[PDB]
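Below are the chains, spelled out letter by letter.
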Amino acid sequence: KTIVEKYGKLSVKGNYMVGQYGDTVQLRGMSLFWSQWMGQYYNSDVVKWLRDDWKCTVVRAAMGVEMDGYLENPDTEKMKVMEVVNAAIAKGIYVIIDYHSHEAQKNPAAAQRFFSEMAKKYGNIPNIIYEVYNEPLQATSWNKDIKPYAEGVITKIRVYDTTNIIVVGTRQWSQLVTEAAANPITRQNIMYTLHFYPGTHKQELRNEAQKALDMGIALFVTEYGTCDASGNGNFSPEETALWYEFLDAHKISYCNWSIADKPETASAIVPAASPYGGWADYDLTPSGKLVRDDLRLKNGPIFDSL
(Lines give C-alpha, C1' and ligand atoms only; values in the text may rest on other atoms or scores of the structure.)
Protein backbone atom coordinates (compact mmCIF):
# COMPACT_ATOMS: atom_id res chain seq x y z
CA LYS A 1 0.00 0.00 0.00
CA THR A 2 1.08 3.58 -0.91
CA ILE A 3 0.44 6.81 0.99
CA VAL A 4 -2.39 7.74 -1.36
CA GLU A 5 -3.92 4.28 -0.95
CA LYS A 6 -3.73 4.76 2.84
CA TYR A 7 -5.50 8.12 3.02
CA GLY A 8 -7.41 8.19 -0.29
CA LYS A 9 -9.40 11.16 -1.52
CA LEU A 10 -8.84 14.33 0.50
CA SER A 11 -11.42 16.88 1.58
CA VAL A 12 -11.85 19.75 4.04
CA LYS A 13 -13.86 19.70 7.28
CA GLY A 14 -13.69 22.93 9.29
CA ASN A 15 -10.06 23.68 10.14
CA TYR A 16 -8.85 20.27 8.91
CA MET A 17 -7.89 18.25 5.89
CA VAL A 18 -9.46 14.79 6.12
CA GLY A 19 -9.30 11.58 4.10
CA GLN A 20 -12.01 9.31 2.74
CA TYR A 21 -11.49 6.62 5.41
CA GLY A 22 -11.93 8.96 8.38
CA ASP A 23 -8.35 10.06 8.94
CA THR A 24 -7.37 13.60 9.81
CA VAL A 25 -4.51 14.09 7.34
CA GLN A 26 -1.32 16.14 7.60
CA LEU A 27 1.05 16.02 4.61
CA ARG A 28 4.69 17.10 4.65
CA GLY A 29 7.08 17.37 1.75
CA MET A 30 9.12 19.47 -0.61
CA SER A 31 8.51 22.14 -3.20
CA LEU A 32 10.41 22.22 -6.43
CA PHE A 33 11.71 25.66 -7.43
CA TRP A 34 10.44 27.82 -10.32
CA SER A 35 9.94 25.40 -13.22
CA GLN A 36 11.55 27.65 -15.85
CA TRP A 37 14.78 28.01 -13.84
CA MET A 38 15.18 24.63 -12.06
CA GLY A 39 13.34 22.43 -14.55
CA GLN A 40 16.12 19.83 -14.51
CA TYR A 41 14.66 18.50 -11.21
CA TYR A 42 11.11 18.07 -12.63
CA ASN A 43 11.49 14.34 -13.20
CA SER A 44 10.45 10.94 -11.93
CA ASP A 45 13.87 10.09 -10.45
CA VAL A 46 13.63 13.11 -8.13
CA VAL A 47 10.05 12.28 -7.14
CA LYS A 48 10.98 8.66 -6.34
CA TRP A 49 13.99 9.78 -4.30
CA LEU A 50 11.90 12.33 -2.41
CA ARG A 51 9.47 9.55 -1.45
CA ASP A 52 12.03 6.84 -0.68
CA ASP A 53 14.83 8.85 0.97
CA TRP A 54 13.19 12.09 2.12
CA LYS A 55 9.88 10.40 3.09
CA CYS A 56 7.80 13.07 1.36
CA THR A 57 4.06 12.44 1.33
CA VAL A 58 3.52 15.40 -1.04
CA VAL A 59 5.59 17.20 -3.69
CA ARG A 60 4.85 20.66 -5.13
CA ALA A 61 5.36 21.54 -8.81
CA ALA A 62 5.98 25.32 -8.87
CA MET A 63 5.08 26.27 -12.44
CA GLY A 64 6.42 29.72 -13.24
CA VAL A 65 3.85 31.91 -14.98
CA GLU A 66 5.50 35.32 -15.61
CA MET A 67 9.18 35.83 -16.53
CA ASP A 68 9.59 33.34 -19.39
CA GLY A 69 7.29 30.80 -17.75
CA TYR A 70 3.93 29.34 -18.72
CA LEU A 71 2.50 32.48 -20.35
CA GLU A 72 5.37 32.56 -22.87
CA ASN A 73 6.19 28.83 -23.03
CA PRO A 74 2.96 26.99 -22.17
CA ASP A 75 3.76 23.57 -23.62
CA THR A 76 7.23 23.35 -22.07
CA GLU A 77 6.18 24.42 -18.58
CA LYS A 78 3.01 22.32 -18.55
CA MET A 79 5.10 19.31 -19.62
CA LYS A 80 7.36 19.71 -16.57
CA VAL A 81 4.34 19.88 -14.26
CA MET A 82 2.78 16.80 -15.83
CA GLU A 83 6.01 14.83 -15.51
CA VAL A 84 5.99 15.49 -11.75
CA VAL A 85 2.25 14.79 -11.42
CA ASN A 86 2.63 11.55 -13.39
CA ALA A 87 5.51 10.47 -11.16
CA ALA A 88 3.57 11.27 -7.98
CA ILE A 89 0.71 9.12 -9.29
CA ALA A 90 3.11 6.29 -10.15
CA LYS A 91 4.79 6.50 -6.73
CA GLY A 92 1.59 6.94 -4.72
CA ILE A 93 2.16 10.36 -3.11
CA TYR A 94 0.16 13.58 -3.28
CA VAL A 95 1.11 16.40 -5.66
CA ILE A 96 0.39 20.14 -5.64
CA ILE A 97 -0.07 21.79 -9.04
CA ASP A 98 1.11 25.35 -8.19
CA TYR A 99 0.38 28.28 -10.52
CA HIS A 100 3.49 30.08 -9.34
CA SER A 101 2.39 33.65 -9.99
CA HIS A 102 2.41 37.03 -8.24
CA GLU A 103 -0.20 38.54 -10.58
CA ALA A 104 -2.54 35.77 -11.73
CA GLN A 105 -5.60 38.04 -11.80
CA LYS A 106 -4.06 39.96 -14.73
CA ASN A 107 -4.38 36.96 -17.09
CA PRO A 108 -7.38 34.97 -15.85
CA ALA A 109 -8.09 33.33 -19.19
CA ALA A 110 -4.61 31.80 -19.29
CA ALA A 111 -5.01 30.47 -15.75
CA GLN A 112 -8.49 29.10 -16.42
CA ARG A 113 -7.22 27.34 -19.55
CA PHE A 114 -4.32 25.74 -17.67
CA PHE A 115 -6.43 24.53 -14.77
CA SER A 116 -9.21 23.28 -17.07
CA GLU A 117 -6.62 21.17 -18.91
CA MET A 118 -5.16 19.78 -15.69
CA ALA A 119 -8.58 19.03 -14.20
CA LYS A 120 -9.80 17.35 -17.39
CA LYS A 121 -6.75 15.10 -17.48
CA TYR A 122 -6.33 14.35 -13.77
CA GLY A 123 -9.78 15.09 -12.33
CA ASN A 124 -10.62 11.53 -11.27
CA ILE A 125 -7.34 11.01 -9.37
CA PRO A 126 -6.92 11.35 -5.58
CA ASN A 127 -3.28 12.49 -5.63
CA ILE A 128 -4.07 15.96 -7.02
CA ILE A 129 -4.14 19.21 -5.03
CA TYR A 130 -4.56 22.47 -6.99
CA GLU A 131 -2.89 25.75 -5.94
CA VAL A 132 -4.35 28.51 -8.10
CA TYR A 133 -2.34 31.62 -7.09
CA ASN A 134 1.01 31.14 -5.29
CA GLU A 135 1.63 34.60 -3.79
CA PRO A 136 -0.57 37.63 -4.34
CA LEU A 137 1.39 40.80 -3.60
CA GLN A 138 0.82 43.22 -0.73
CA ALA A 139 -1.21 45.42 -3.11
CA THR A 140 -3.47 42.57 -4.29
CA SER A 141 -6.85 42.82 -2.55
CA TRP A 142 -8.65 39.69 -1.33
CA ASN A 143 -12.17 41.02 -1.94
CA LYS A 144 -11.51 42.80 -5.25
CA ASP A 145 -8.69 40.80 -6.93
CA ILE A 146 -7.86 37.41 -5.40
CA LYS A 147 -11.30 36.06 -4.52
CA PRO A 148 -12.98 36.82 -7.89
CA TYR A 149 -9.97 35.40 -9.75
CA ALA A 150 -10.00 32.26 -7.62
CA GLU A 151 -13.75 31.74 -7.96
CA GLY A 152 -13.42 31.82 -11.75
CA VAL A 153 -10.66 29.21 -11.71
CA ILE A 154 -12.47 27.02 -9.14
CA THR A 155 -15.56 26.89 -11.36
CA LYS A 156 -13.40 25.72 -14.27
CA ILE A 157 -11.69 23.03 -12.17
CA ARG A 158 -15.02 21.80 -10.78
CA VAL A 159 -16.35 21.06 -14.29
CA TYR A 160 -13.99 18.07 -14.33
CA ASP A 161 -12.75 17.53 -10.76
CA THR A 162 -15.58 17.66 -8.28
CA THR A 163 -13.82 17.17 -4.93
CA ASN A 164 -10.01 17.44 -4.96
CA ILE A 165 -8.68 20.21 -2.74
CA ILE A 166 -8.05 23.69 -4.14
CA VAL A 167 -5.72 25.99 -2.16
CA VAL A 168 -6.07 29.77 -2.63
CA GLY A 169 -3.34 32.32 -1.98
CA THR A 170 -3.75 35.35 0.24
CA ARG A 171 -2.60 38.98 0.30
CA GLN A 172 0.98 39.98 1.14
CA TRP A 173 2.82 36.90 -0.14
CA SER A 174 0.17 34.59 1.30
CA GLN A 175 0.37 36.00 4.83
CA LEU A 176 -2.98 37.71 5.44
CA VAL A 177 -5.14 34.64 5.96
CA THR A 178 -7.52 36.53 8.27
CA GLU A 179 -8.82 38.52 5.28
CA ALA A 180 -9.82 35.30 3.52
CA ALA A 181 -11.27 33.99 6.79
CA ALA A 182 -13.49 37.09 7.00
CA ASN A 183 -14.83 36.57 3.46
CA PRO A 184 -14.22 32.93 2.56
CA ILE A 185 -14.97 31.15 -0.67
CA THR A 186 -18.13 29.27 0.37
CA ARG A 187 -17.47 26.20 -1.77
CA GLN A 188 -16.50 22.62 -0.99
CA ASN A 189 -12.89 21.57 -0.26
CA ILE A 190 -11.17 24.98 -0.38
CA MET A 191 -8.11 25.79 1.74
CA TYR A 192 -6.06 28.97 2.08
CA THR A 193 -2.34 29.49 1.71
CA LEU A 194 0.05 30.51 4.47
CA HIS A 195 3.73 31.10 3.59
CA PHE A 196 6.37 31.83 6.21
CA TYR A 197 10.13 32.36 6.33
CA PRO A 198 11.22 32.08 10.00
CA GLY A 199 14.16 34.47 9.77
CA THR A 200 11.49 37.12 9.13
CA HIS A 201 8.16 35.71 10.34
CA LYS A 202 7.74 34.68 13.97
CA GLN A 203 4.98 34.73 16.59
CA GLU A 204 3.08 37.61 14.95
CA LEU A 205 2.40 35.48 11.86
CA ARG A 206 1.49 32.44 14.00
CA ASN A 207 -1.02 34.74 15.71
CA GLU A 208 -2.44 35.74 12.31
CA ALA A 209 -2.80 32.05 11.43
CA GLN A 210 -4.52 31.26 14.74
CA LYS A 211 -7.00 34.10 14.21
CA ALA A 212 -7.89 32.66 10.79
CA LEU A 213 -8.43 29.22 12.36
CA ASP A 214 -10.68 30.87 14.97
CA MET A 215 -12.79 32.18 12.08
CA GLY A 216 -13.23 28.63 10.73
CA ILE A 217 -11.01 28.21 7.64
CA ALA A 218 -8.36 25.58 6.87
CA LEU A 219 -4.78 26.57 6.06
CA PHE A 220 -2.10 24.80 4.00
CA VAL A 221 1.56 25.86 4.17
CA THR A 222 2.34 25.20 0.52
CA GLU A 223 5.71 26.94 0.95
CA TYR A 224 7.98 27.76 3.87
CA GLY A 225 11.68 28.38 4.30
CA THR A 226 14.22 27.99 7.09
CA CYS A 227 15.74 31.46 6.62
CA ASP A 228 14.66 34.99 6.02
CA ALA A 229 12.04 35.84 3.42
CA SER A 230 14.58 36.76 0.73
CA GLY A 231 15.68 33.12 0.55
CA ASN A 232 19.23 33.97 1.64
CA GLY A 233 20.61 34.74 5.09
CA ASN A 234 19.37 34.35 8.68
CA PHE A 235 19.20 30.55 8.81
CA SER A 236 16.87 30.04 11.78
CA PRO A 237 16.64 26.42 12.96
CA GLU A 238 15.18 27.15 16.40
CA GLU A 239 12.46 29.41 14.98
CA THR A 240 11.71 26.81 12.30
CA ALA A 241 11.12 24.31 15.13
CA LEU A 242 8.64 26.71 16.79
CA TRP A 243 6.76 26.76 13.49
CA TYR A 244 6.82 22.95 13.23
CA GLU A 245 5.37 22.79 16.76
CA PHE A 246 2.51 25.11 15.78
CA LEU A 247 1.81 23.38 12.47
CA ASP A 248 1.77 19.92 14.05
CA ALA A 249 -0.50 21.13 16.87
CA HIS A 250 -3.05 22.20 14.22
CA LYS A 251 -2.39 19.37 11.74
CA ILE A 252 -1.40 21.89 9.04
CA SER A 253 0.37 20.42 6.01
CA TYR A 254 3.70 21.92 4.96
CA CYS A 255 6.16 21.92 2.03
CA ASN A 256 9.68 23.39 2.13
CA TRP A 257 11.21 25.73 -0.45
CA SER A 258 13.06 24.22 -2.19
CA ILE A 259 14.68 21.54 -4.32
CA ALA A 260 17.06 23.90 -6.12
CA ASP A 261 20.83 24.08 -6.38
CA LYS A 262 21.07 27.88 -6.37
CA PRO A 263 23.82 29.04 -3.92
CA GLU A 264 21.37 30.56 -1.42
CA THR A 265 20.37 29.52 2.11
CA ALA A 266 16.90 28.25 1.17
CA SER A 267 18.21 25.72 -1.36
CA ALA A 268 18.07 22.19 0.03
CA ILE A 269 20.92 20.81 -2.10
CA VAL A 270 24.38 22.07 -3.08
CA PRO A 271 25.33 23.53 -6.49
CA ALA A 272 25.35 20.83 -9.20
CA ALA A 273 23.56 18.27 -7.02
CA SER A 274 22.43 15.48 -9.34
CA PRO A 275 19.21 16.06 -11.32
CA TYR A 276 18.48 12.35 -10.70
CA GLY A 277 18.37 12.51 -6.91
CA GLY A 278 20.54 10.22 -4.82
CA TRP A 279 21.91 13.13 -2.79
CA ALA A 280 24.33 12.04 -0.08
CA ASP A 281 24.96 13.97 3.12
CA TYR A 282 27.68 16.07 1.46
CA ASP A 283 25.16 17.07 -1.25
CA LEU A 284 22.70 18.64 1.24
CA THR A 285 22.82 22.15 2.65
CA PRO A 286 22.14 22.96 6.31
CA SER A 287 18.58 23.87 5.33
CA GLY A 288 18.11 20.64 3.39
CA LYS A 289 19.43 18.53 6.26
CA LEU A 290 17.10 20.21 8.76
CA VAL A 291 14.02 19.72 6.59
CA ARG A 292 14.89 16.18 5.48
CA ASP A 293 15.50 15.14 9.08
CA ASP A 294 12.06 16.48 10.08
CA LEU A 295 10.39 14.64 7.17
CA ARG A 296 12.10 11.34 8.00
CA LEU A 297 11.23 11.65 11.69
CA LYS A 298 7.58 12.58 11.25
CA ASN A 299 6.58 10.84 8.04
CA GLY A 300 8.73 7.74 8.60
CA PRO A 301 6.11 6.19 10.91
CA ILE A 302 3.38 6.82 8.32
CA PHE A 303 5.31 4.84 5.71
CA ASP A 304 6.11 2.21 8.36
CA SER A 305 2.39 1.76 9.18
CA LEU A 306 1.89 0.05 5.82
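- The record names X-ray crystallography as the way this model was obtained, at a resolution of 1.1 Å.

- The protein goes by Endoglucanase, glycoside hydrolase family 5 protein in the PDB entry, where it is assigned to Cytophaga hutchinsonii.

1. Thoughts on the sheet that holds strand β5 (residues 94–100)
Consideration 1: Strand order in the closed barrel formed by 8 strands is β3-β4-β5-β6-β7-β8-β9-β10, and the pairing between neighbours is parallel. Each strand axis lies, on average, 25° off the axis of its neighbour in the sheet, ignoring direction.
Consideration 2: Bridge count between strand β3 (residues 28–32) and strand β10 (residues 254–259): 5 bridges; the pairing is parallel. The partner of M30 across the bridge, within β10, is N256.
Consideration 3: Sitting on the sheet, helix α5 (residues 142–160) is in contact with β5, β6 (128–131), β7 (166–168) and β8 (190–196), with an inclination near 165° to β7.

2. Examining the side chain of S101
Consideration 1: Note that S101 resides in the loop between β5 and α4 (108–122).
Consideration 2: Accessibility expressed as a relative area gives 0% for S101, which makes it buried.
Consideration 3: In this view, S101 contacts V65, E66, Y133, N134 and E135; residues no more than four positions away in its chain are not counted.

3. Some remarks on the pattern of salt bridges
Consideration 1: What the rule picks out here adds up to 16 salt bridges.
Consideration 2: For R60, the salt bridge goes to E131, with nearest N and O atoms at 2.8 Å. Placement of the pair is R60 in strand β4 (residues 58–64) and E131 in strand β6, with a sequence separation of 71 residues. Grouping residues by exposure puts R60 and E131 together as buried.
Consideration 3: Across the pair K298 and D248 runs a salt bridge, and its minimum N-O distance is 2.8 Å. With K298 in helix α10 (residues 286–304) and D248 in helix α9 (residues 237–249), this pair connects stretches of sequence that are 50 residues apart.
Consideration 4: With a relative accessible area of 22%, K298 lands in the partly exposed category.
Consideration 5: Classification of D248 as partly exposed rests on a relative accessible area of 23%.
Consideration 6: If you follow the salt bridges from partner to partner, you end up with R28, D248, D294 and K298 in one network.

4. Here we look at helix α3 (residues 74–91)
Consideration 1: In this model α3 runs 26 Å from its N-terminal to its C-terminal C-alpha over 18 residues, within 8% of the 26 Å that 1.5 Å per residue would give.
Consideration 2: Summarising the contacts, the buried residues of α3 are in contact with β3, α2 (44–52), β4, β5, α4 and β6.

5. Remarks on the layout of surface pockets
Consideration 1: Space inside the largest pocket adds up to approximately 370 Å³.
Consideration 2: Lining the largest pocket are 19 residues, and of these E135, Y197, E223, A229 and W257 lie nearest its centre.
Consideration 3: Looking at the lining of the largest pocket, its residues break down into 7 nonpolar, 8 polar and 4 charged.
Consideration 4: Volume-wise, the second largest pocket comes out at about 170 Å³.
Consideration 5: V12, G14, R187, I190 and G216 are the residues nearest the centre of the second largest pocket, which is lined by 13 residues in total.
Consideration 6: Looking at the lining of the second largest pocket, the elements that each hand over two or more residues are β1 (10–13) and β8.
Consideration 7: Here the residues of the lining of the second largest pocket are counted per class, giving 7 nonpolar, 4 polar and 2 charged.

Basis of the calculations
- Residues numbered from 1 in each chain as written, not as in the entry; some residues may be left out.
- Heavy atoms only, no water.
- Pairing = 2+ DSSP bridges.
- Helix = DSSP H or I, 4+ residues; strand = E, 2+ residues; numbered from the N terminus.
- Axes fitted to C-alpha atoms, helices over the stretch in contact; angles between N-to-C directions.
- Contact = heavy atoms within 4.5 Å.
- Buried < 20%, exposed > 50% of the residue type's maximum accessible area, 1.4 Å probe, protein only.
- Salt bridge = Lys/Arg side-chain N within 4 Å of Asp/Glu carboxyl O.
- Expected span 1.5 Å × (residues − 1).
- 1 Å grid on protein atoms, 1.4 Å probe; cavity = no way out; pocket = protein on both sides within 12 Å on 5 of 7 lines; lining within 4 Å.
- Points joined across faces, edges and corners; volume = space filled by probe spheres on them.
- Nonpolar A, V, L, I, M, F, W, Y, C, P; charged D, E, K, R; others polar.

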